[PDB]
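One chain is shown next in structure tokens, namely the form deposited in one PDB entry.
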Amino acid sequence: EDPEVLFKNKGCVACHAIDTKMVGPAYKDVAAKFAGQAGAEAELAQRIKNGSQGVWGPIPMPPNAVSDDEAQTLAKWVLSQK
């Protein structure tokens, strides 16, 4: 599926933007941190699906209603925002 349509449909848009921080980090900042680190895509994909806490602040990203292939698509698109 298309990452931009997922970004809207799966509700990511409620907590994230690409250039500014809302509830969670901006995607440009995430892409900048995970730069070109080996294995980042798989690691972000897991956090998108199962939830995250502590990396960008004290408040959690709740687990998302995405499938594994959807999470990978989204992770890859977030990383391309750098």
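Basically, rigid core = biggest C-alpha set you can superpose within 1.5 Å across the two forms. Only residues modelled in both forms are compared. For every residue, the number given is its place in the sequence shown, counted from 1.
Separately, the form deposited in another entry exists; it is not shown, and the next lines address it.
Asks: Taking the rigid core as the superposition reference, indicate whether the CA of residue 69 shifts 2 angstroms or more between the shown form and the other one.
Replies: Not so; residue 69 is displaced by less than 2 Å.
Asks: Superposing on the rigid core, is the CA of residue 18 displaced by 2 Å or more between the shown form and the other one?
Replies: Moves: yes, 2 Å or greater.
Asks: Work out the direction of the Cα-Cα change for residue 70 and residue 7 in the other entry: closer or farther than in this form? It's 3 angstroms or more.
Replies: Compared with this form, residue 70 and residue 7 lie farther apart in the other entry.
Asks: Residue runs between the shown form and the other one with every C-alpha shifted 2 Å or more, at least 3 long, rigid core fitted, in sequence order please.
Replies: Run found: 1-21, no others.
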